[PDB]
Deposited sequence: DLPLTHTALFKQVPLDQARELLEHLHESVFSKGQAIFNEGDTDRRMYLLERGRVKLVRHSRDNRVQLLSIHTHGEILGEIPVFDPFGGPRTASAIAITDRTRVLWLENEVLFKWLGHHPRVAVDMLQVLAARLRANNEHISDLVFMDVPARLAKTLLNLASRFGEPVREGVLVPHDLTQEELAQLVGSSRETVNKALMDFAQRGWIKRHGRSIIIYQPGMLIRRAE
């Protein structure tokens, strides 16, 4: 499904208890290409993306950059603090603004309102089961199902309703979109060609219009 957001994580937090964190929320602004955190850091902070776009990347073999995710407003960047950083977070847009707080403040705050952790537990529960079926999926899903799943994921988080459906301004490179799908840009470009000639989508340079999201859902399984 959809990654962690502040709204989903803080939906059951009463307003007065959420107020207490605002003094401890730091605000940072990043320029294009600037790293918000790096792979393997040990700061143990919780970052909230407020404005802009961020990509979780992964420099590994031969120092080849590997796109893992792109994120938008309201989403938690990376993992919840408790374990070094599994990935690097790079600001896509200039004046990318993130709010963050140290883990000590969060755990003290959760200690003050332990009923909040009960409802956040249902969020990590619902997200870990969704994360598990994503792991089984990449074993048993062909590339059109994986393409349909990425386009649906991007549409639900970046989608703009247009006349013929939902436009998806992903603004990735053809290699990048293929990295999210999980195969070569050759295989993915052909799968996009099939989706287009079936009438399901249209390729708008670095945007994609989804004419028939209901068909992509069925193709996902």
{"property": "Unmodelled ranges, which are counted on the deposited sequence from position 1 and given in order", "result": "83-87"}
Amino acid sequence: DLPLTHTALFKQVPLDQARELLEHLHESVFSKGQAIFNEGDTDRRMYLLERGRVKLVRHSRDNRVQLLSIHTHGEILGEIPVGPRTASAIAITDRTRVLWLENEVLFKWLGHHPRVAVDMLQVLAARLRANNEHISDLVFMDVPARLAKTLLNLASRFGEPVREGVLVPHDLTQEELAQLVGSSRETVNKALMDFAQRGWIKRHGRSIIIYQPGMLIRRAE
From here on, numbers count along this sequence of modelled residues.
property: Stretch with the higher entry mean CA B-factor, where the candidates are 30-38 and 58-66; result: 58-66
property: 144-152 or 99-107, whichever carries the higher mean Cα B-factor; result: 99-107
property: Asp43, C-alpha B-factor rank within chain (lowest, middle or highest third); result: highest
property: CA B-factor ranking of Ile90, expressed as a third of its chain; result: lowest
property: Third assignment of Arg198 from its chain's C-alpha B-factors; result: lowest
property: B-factor third for the C-alpha atom of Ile208 within its chain; result: middle
property: Third assignment of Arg129 from its chain's C-alpha B-factors; result: highest
